[PDB]
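Just one chain is shown here, as structure tokens, and it is the form deposited in one PDB entry.
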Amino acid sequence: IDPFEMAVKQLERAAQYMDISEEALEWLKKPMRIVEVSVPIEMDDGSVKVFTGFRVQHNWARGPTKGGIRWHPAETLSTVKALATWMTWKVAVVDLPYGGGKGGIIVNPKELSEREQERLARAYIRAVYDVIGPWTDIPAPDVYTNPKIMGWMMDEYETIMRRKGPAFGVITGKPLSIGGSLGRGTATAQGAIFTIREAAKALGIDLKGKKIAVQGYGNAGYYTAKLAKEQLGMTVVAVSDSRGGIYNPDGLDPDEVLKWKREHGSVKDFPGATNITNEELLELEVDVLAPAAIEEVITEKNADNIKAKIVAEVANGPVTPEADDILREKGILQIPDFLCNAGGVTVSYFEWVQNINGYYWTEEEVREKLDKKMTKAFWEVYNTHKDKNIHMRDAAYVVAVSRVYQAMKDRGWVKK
């Protein structure tokens, strides 16, 4: 199927640039555990509806598997497996003691009521309990899943486990009142900012008063722009959603931008600025560029038109491999997508650590630890990029797969 085959092809393109045994490659191609279950719930009308849930633990060589849960009507087993393989490298690049996990249910939660959503969450936990756990498999928020659902599922897991172990730790993204952690909402953007100034440091150019352009202005993009302005001293020059765009070389403020979006219902028509299109924004000449929108916005059709020195792929796969190569041959440093967005995963790991130990950190402690881990991961990726003379995304794949393969070899799973 298209997604899993794409993930396997990406793993092969990673493996051709690093010393990996054939048995290890075949072992990585087949996910360790796949659990397809029927999740029954009782609707408000009294009828019983059964959905199909998937729980794919791609690997646990480096530690307990970690992965999000997607409630999407278009969910497929291949998509879940591919995203589990994704999360494996996501946790591997940033040195987490995690394996790759991925949960999902074939369900459209638009018409599901709050009672139905709670029942679906609890029933999914009742179905997949035997293949999850704090030390085995940690679910995390993903598309169409909010931390309220995770409060529900943590409650269900605690009820089944009879409070015997660290229940909070079974899942992450939980509300602050119950085993939650600070910085979860801004996790991905904060990690992206860490990678951005690390890229600037690697390039040898500071960020005092330079330009950043973000394309796609969801929560992640808005937080990225705001944190960049607050910390790096950079000047945001353009913000856009999939609908419209804003141009202001003099400088913007993400707070008033989001307020205008909330008032008017769209981000466009910002006062003191020009309405612009997303396409020319993608080719805008800036210092830092961050695509935070629907996947594959930078294409071979316009890859050479990007002039920003640093491209931070905040979104997952916003650049096609050919555009990645074109930017590489243009001297453009690209932060790979799964390394750039690993802030959410790192903060989720921090939440898991806080839940396991029963001690909860403060926001400053979480931010400092996230900064340290992101800096180390980025420097490992950059050093591999320099030494092996391969693409930055290629370097991140190489380091992640090397860590996973080392974990397997030390575990004795693969002899060679």
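Numbers for residues come from their place in the sequence shown, where the first is 1.
The same protein also has a form deposited with a small molecule bound, omitted here; what follows describes it.
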- Query: Which one, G169, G104, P336, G344, lies within 4.5 Å of the small molecule in the entry with it bound by heavy atoms?
  - Reply: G344
- Identify, from the list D287, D142, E158, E118, the residue with a heavy atom within 4.5 Å of the small molecule in the entry with it bound. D142
- Answer with yes or no whether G68 is in contact with the small molecule in the entry with it bound, where contact means some heavy atom within 4.5 Å. yes
- Is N59 close enough to touch the small molecule in the entry with it bound, meaning at least one heavy atom pair within 4.5 Å? no
- Item | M87, heavy atom within 4.5 angstroms of the small molecule in the entry with it bound | yes
- Message: So, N355 and the small molecule: in the entry with it bound, are they within 4.5 Å at any heavy atom pair?
- Response: no
- Message: Looking at heavy atoms inside 4.5 Å, which stretch does the small molecule contact in the entry with it bound, given the options 23-31, 374-382, 45-53, 345-353?
- Response: 345-353
